[PDB]
Each structure stands twice: as structure tokens, then as C-alpha cells.
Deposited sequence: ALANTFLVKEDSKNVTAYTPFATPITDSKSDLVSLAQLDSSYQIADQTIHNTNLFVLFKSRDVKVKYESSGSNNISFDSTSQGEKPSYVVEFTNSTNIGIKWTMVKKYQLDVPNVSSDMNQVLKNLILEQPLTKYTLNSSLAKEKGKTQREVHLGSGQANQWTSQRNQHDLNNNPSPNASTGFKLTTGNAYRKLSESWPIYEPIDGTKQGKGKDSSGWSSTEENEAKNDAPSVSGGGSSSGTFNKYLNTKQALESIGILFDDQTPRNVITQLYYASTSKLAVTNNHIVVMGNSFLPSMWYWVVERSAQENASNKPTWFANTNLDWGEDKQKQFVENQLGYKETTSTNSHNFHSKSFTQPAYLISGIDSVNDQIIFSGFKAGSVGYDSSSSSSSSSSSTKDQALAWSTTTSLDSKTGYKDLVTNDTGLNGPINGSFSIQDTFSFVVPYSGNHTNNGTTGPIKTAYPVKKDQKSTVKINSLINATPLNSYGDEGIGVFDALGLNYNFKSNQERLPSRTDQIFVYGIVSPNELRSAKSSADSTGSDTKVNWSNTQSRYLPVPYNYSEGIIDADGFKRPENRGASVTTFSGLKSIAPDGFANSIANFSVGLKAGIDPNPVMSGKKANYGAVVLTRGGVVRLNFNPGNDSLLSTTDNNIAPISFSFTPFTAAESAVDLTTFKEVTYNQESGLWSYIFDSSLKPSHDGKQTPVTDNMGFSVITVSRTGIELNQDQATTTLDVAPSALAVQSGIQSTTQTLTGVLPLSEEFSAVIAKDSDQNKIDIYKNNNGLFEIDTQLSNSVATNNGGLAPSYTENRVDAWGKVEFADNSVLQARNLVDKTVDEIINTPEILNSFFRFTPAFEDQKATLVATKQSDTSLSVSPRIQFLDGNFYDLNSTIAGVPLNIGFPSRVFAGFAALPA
């Protein structure tokens, strides 16, 4: 396909030429063609072996959770909300133009729910989604009980050293480590069958009801409503609560009037957001906005009218780099015991990390690459009656101690915080630190903050956060954990990682691995499990310089942390990621080695490079465990890339010739209204970020079979941007040129941006040259003008006599392209634009010539050129030369 597909709206894809002109009749309502109703919209699409694969989801979708029976998750048949999301394969049926016709249609059904699963789901509770307008102080939650309150009680740390052996806390120096955060105030937590609110607290430390469902709706909901009334063109004070309803609609939250639908519905609707296609499979994953708890492996062989089943992430073991890193995450999921009763969580029923904030998903060769953020999941005491941690989440910093032998392996396998709290505040000599200074009677013991006495009678259930933080507790370690600010005091000051907060996750998934997942999802009766063994994790905090005025040298915590966040988020503590995309390096590799491929993904403050070994389709590793897993590299943004609003991401393309990724941001995606219900007026324009590879890539020469330095990427705000125009599309014609299609008012306009030593600037003469197509598919040709086709002046016929070429025959001349380059002088419109003459015999004594000229995309066009089989009829001239001999 010599074309570019452009999504004109939620239903229509039009095919464009390299001349930024639509192919006539190509524009197609893919929803209508999928025989889907007018409630469906395109979520994502992809080309695989020249066919178009489309993910559609419905605004009418209604899902339910009934904790009893056991077909617990189902669609709501009553009314009209039985509207599952579909993937559809389209093929181009015509060889002239574009007639999309439907090939295969796959329904994405709701997860099976095992008995073991439904016992966790019964009491599963989920945080209200983070938005544009969520503040550091909105997230912040009331600090829970200390380790030594949980265990010994109201009473003393004079007995902390007499007692800590009788609660398996031997040598624990942290009686005032936090056991977590209160669910009586803050961001709303809700079961699968409940609805999140449109109101977010400004200070969640004071203003939320947390998981207090019943309390919200009889007390605090009327307060929120009177303080933060929806617009009605009202206006109020927004002293205690933002109103984010439109910001909510924006990120794909659905609504019956002013009330969001249940959590399970928003989970399903988000879950069907991104797609990727291999020879054998379609895989479907969720967006960067809500946590997703399941993904689809559809077998492309699937019979026509089947119901493809999603695999739970709680049933999907990843390799987090080392077993310890898994344990860290699983230990903090909840309390495990043979001794307790009805106390069910993901950990107690032997599930793993249940939820990811997925960056996106792609295919290279027959491989699925994904990445994303570990969505915080912890236990919470849902007990009723004198339970000390009642209504409290059970969470702790897991950040590596100061004394930890440096080198990555050691850092991420440090025993610090493994089974319970250890971190808070420490004044050694006079050198403050939040992190334990060492990790002597014997070695330091950590324990899960559920006191031995209540071990039988306690009720620890699972929750999921809206973000990559486990721990919302309004203490100083929380800020430092979230911002990447904990450092050792050694002769290098390597930064001390968490293994529960701000954890990024990526991998490459083989077709056998996707085969288990399909097996997990079809499993009769009990939960079948999947190992994905080509994965890694990484501590990836938000950058500290996206905040101000942090104290060191009244410690600053979440309720008081100041955000200066330039990337379109109020908050400066919760990381985000978007637009994972893979691509084959075009740069030759040494023969008998296979082509290189990577991927990249945007996170707050930087681009991440994932690196692969094409040999056995593995993550790049190196021998040393000192250097850190060489599958991952982080290149921080400058001012210019940091300024881009990441919540406006529209689409990411990769071009195999340039070896370059294009990230398109469209500001029309911004919500209509603020959290204070103020019309949003910077909703005009768009921006392009260009990512390239940097470093020494695998398999250049004998030296680059071995690598001990991870290849990386570089994101550059390219110069292609606007605060004025409405974007239709950006066509990356070549490294040297991009075409932008936009409306100033309401008609489409073509700008050409020219790369000038790395910075793209508009070329107004070339823009006018390209845009002057006169209704044709391609720019006009004018004899007397340097236009998009440069300028061609033919020699006079009198050159034959002068140069004694009359003694040459037509066949001689016609097979001597260097002679017939001497029949014209060419003036390029852009540097190194090229042109040749095609010759045609006309008589025994004469021929004609007609220029073949490169356009902006590096391709040659002539009289016979087509796009999508349609002759362009550009209008190149023909020129007779005559007086040559017959021999």
C-alpha cells in the first residue's frame, strides 16, 4: 500500500496519497461495514499482511458483577447494553482504488470467573481513576497505624525491644514504620457493582470518604455537589472538591446522564482499547487511563460466531527480573494464611499482580511486545466490630536500605521491606534519611502488619489503585519513593529503588506464551496459570524537577508537595506511559545475524527504549548483574518535550526507511471543562515528537554480538506543532519532509514541513507548490516554474547536429541514458531531488523523452504512476527529438 490511512472521525477511515490528497471514494464507515450499530466507534487499528484490523467498542455497553451464583461477570441484556467489543479483519477487494470488505469478525467476551477468583472479587475495591486535574493532594490519604501500634498497641516503644521477637519482628528498628493508609477519607474506592463519583477531593487527607460508600451517599456527596456543581449555562467555589465529569468522559468513562456506570463496565470498556496482530493471533489490551485486569488472546482460526475469552493478569506470572522482585509485589498484595477464615485476597488465593496500566501493544515478527505500570494492589482490613487497622489499607515503602552493597542485582534483591514495614524517618548522628540505614544479635526480620492474636478472626481483602503507587500514606518517604529521591551516601550515590511503587513492566511474548494465555482463559472449573518468561520490571519514578520546594539540608508530604508539572497533569507523583510501538532497524546487521528491532514508549519526563535480541526473540541481557537489565534505557525529555500534554496522545507511527517513530498529539482531545468547570480554551492545535535510536546496536561487527551498554532512544519535539489549526493527519513522507493536513476554519489545507539539521520548519513555497493540485491527486506541473517537480528545460533539437548525435541511431541513443540526461537541465525544488528522462521510440528517425522526477517522499513519478492503482495523470511533458540516423 503506497497510501496512508487517516481516521477522519470515530467511524471513517480515508486513504491518502503522498500528495496529502484523499483517494476518491476511499472514505469508509468501518463501523457500518462491520455490521455494528451507530453506538460503536474505532478504538485502534493496524495493518498486517496488507489487511486492516480494527478494534471497535460501544458507548451502550453495560457490564454487571453479581457476587453469588458463578457466571458473575456478564453483559446487561435488559434494555440494549449487550454490546461486546469486536476486532474485525478488512481486506481491500479492488486493485483500483480502495473498497474495504469484511473478512473475519471476532466478539471479545467477558471473563470466566472461577470460585477462587469470585471470593477475591466479592470484596475487591478499586480507586477512582486519575485525571488531568487530580492533584498531589487529591491522591494523598490519611496515615495509618505504626507497626508497633498494630502489634503491641496503645502502649509504648519502651517495650519495643522486649516484644518484637514474640511477633516475628526480631531486630526491627522501625516501630514507627507505617502499616499503610486509611480508607475512611480520600479518593473513592468502589466494588465492581458500584459507581465512582464525578467529584475528586482537593485534600484527600480530609475531604474524601475513601471506601465509605454508605457515608459518601448520605453525607458527603451533597457537600461535594453544593461546593462543585456541574456547569449549566451555575458556578461555585471548589473549596473542597474538583468536579472532573468532562475530564472523566475524555478518558473513556461512560455515563447514564450525570452518573458514571459501574466499575466492571469502565474496566471492560477500557480493557478493549489497543490491538496487535501476528500470523496466529489478535491480542487486545487496555488503555493508559484505567487499570486493566484482563487481556485477550484471540486465535485468528476462531470459528465465525464464537466468544473469545480474556486471560486474567492475576493468572499471568511475569518474570520481574529476579524471584525476590515478584515476592515484593505478591507479599504486599495481601495476608496469606491456612489459619484464617473468609479473609480472601489475590495473595491468600495464590494469584499474582492483578492489574496493569498498559502503555499499549505491538507485533514484530510473530511476537507481541507490551509494557506498562504495575497498578498498586494491596490488602485492606474490611473487619467489623476492636481491630486496630480497621478500614485501613496495608502498604509500606519497600525502598532498598542505605547500607545495601551497590550494583543493580543486589539493589533489587535487598531483603529490605520484603514481608512488612521497615521505612519511615531516621536521624543517625545528624544525617536525616527515610530509608533504613542497614539491612548485631542476628539478621533484621520484617512481618505483615496483622497482629498474631487477630490472625484467625481478621478480614484482609484486595484493592487496586488508579496509579502506580502502592502507598498513599501522607509521610515524607511516600514523596521520595514517588519522585526517585532516596539516595545512598557512598562514593557513587546510586539511587535506592522501590519494588512496589512506580514499577514499570515490559516484555516480549512468544506465540506458545499467547497459547497458554488462551488456555488460562478457556480453563474449565479452576484457574489455569501462564508464565511469560521474556519480561522485566523497573523502578521508574516521575521526575523530581516536575515539583518545587522539597525540604532537606515539617518534612514535605503528598498533601503539601507543590506540582510544576508541564506535561498536562495537575499531579507530579503518579507516572504515566502511552503509545508503545515497535520497529525493525533498517541499518544492516552482519550477515548470518537477523535484523534488529526495538520498541519505544513515552513516560512522564522521558522516552523508554526496550531492546531485543532478534536471534532467539529475547530481552537483551549481558553477563554482569552489576549493570542493570540492558533491555531498558530511559532518556529524559528537555523543556520542549516536557511541555507536550501527554493526555492528548492521538497515534504513533513507525517508518521502516527512516528508522524513526512519530508521536502525534491532538489538543482537540482535551476535555471541554476543568475540575472547576471553567471552559478549556487551549484545545486547538497539535504537536509531533520524533523518536530515534542512540548508542551501539547489536551485531554491527564481531564486537557487537556481546553488549554491556543498553541501546536507548531520543525524543525531540521536531518543530511540527500548532496552537491554531485543527489536525486531520501528519504524513511522514520522509526523514527530510512531513505533510500536515489541517483545517484553519473548515476546509483542509496542506503544509509541508522541511527538516533543517534536525528541526522541522514550514516551507511556504513548497506548501503552495504541493497544495496547487487543481483538484487532481498530485501537484500541478508548470513548464516555466520550479514547482513540486523542480524545473525541466529541454535542449533545442539543434543539439543532435552540434554534438554529431545524428550519426547515432534511435536505438543506440535510447540505450545510453547518460546521452539522454544531456537532453535536459533540471533545477531541483529541494536539495538532492533527482530526475531522469524515460525515452520512447516514435519513428525510425525520432524519439520522445518525458521526465521521471522524485517527490518529497523519495519516490520517482512519471506519466504512468499510480497510487492504489489509480493513474495520477500528473502532467509531465513529452519532447520529440528527431534527425537521428537509421543504420
property: Sequence ranges without modelled C-alpha atoms (deposited numbering); result: 1-2, 236-238, 391-394, 449-455, 570-580, 915-916
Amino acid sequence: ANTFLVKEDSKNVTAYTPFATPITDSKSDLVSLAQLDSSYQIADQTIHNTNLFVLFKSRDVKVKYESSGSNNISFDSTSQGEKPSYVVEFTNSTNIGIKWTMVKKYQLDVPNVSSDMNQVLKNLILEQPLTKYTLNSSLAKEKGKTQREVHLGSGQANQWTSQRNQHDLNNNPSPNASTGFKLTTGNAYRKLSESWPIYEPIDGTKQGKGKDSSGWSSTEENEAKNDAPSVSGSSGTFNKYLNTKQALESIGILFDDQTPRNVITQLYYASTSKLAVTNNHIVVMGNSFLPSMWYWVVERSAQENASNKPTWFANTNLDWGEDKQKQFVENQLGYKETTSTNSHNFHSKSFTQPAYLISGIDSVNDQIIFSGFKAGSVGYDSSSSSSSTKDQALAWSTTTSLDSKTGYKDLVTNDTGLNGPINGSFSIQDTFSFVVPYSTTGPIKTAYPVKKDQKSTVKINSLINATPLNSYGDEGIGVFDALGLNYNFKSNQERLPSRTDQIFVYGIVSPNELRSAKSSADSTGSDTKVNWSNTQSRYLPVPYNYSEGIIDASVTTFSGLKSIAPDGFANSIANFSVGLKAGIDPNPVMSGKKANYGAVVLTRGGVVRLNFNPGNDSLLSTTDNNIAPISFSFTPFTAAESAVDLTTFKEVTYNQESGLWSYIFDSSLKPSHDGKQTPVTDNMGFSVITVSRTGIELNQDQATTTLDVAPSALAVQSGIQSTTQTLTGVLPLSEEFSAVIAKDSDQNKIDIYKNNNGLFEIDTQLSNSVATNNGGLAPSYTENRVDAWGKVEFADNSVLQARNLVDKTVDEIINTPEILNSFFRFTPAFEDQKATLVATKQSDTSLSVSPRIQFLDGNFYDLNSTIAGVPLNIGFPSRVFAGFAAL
From here on, numbers count along this sequence of modelled residues.
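Under this definition, the rigid core comprises the largest set of C-alpha atoms superposing within 1.5 Å between the forms.
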property	result
Segment of greater CA departure in 4 other deposited structures of this protein, 401-409 or 335-343, core superposed	335-343
Farther-lying stretch by C-alpha RMS in 4 other deposited structures of this protein (rigid core fit) among 424-432, 610-618	424-432
Unmodelled residue 201 in at least one third of other entries with both flanks present	no
At least a third of the other entries leave residue 817 unmodelled	no
Stretch with the greater mean C-alpha B-factor as recorded in the entry, comparing 291-299 against 736-744	291-299
Which of 620-628 and 569-577 has higher mean CA B factor, as the PDB entry lists it	620-628
Criterion, highest CA B-factor; candidates, 127, 763, 666, 415	415
Highest-ranked of 468, 233, 636, 675 once sorted by CA temperature factor in the record	233
CA B-factor placement of residue 656, once the chain's modelled residues are sorted into thirds	lowest
Modelled-residue ranking by C-alpha temperature factor, third containing residue 155	highest
Chain-relative CA temperature factor third for residue 273	lowest
Third of chain Cα B-factors occupied by residue 808	middle
Ranked C-alpha temperature factor of residue 818 among modelled chain residues, by third	middle
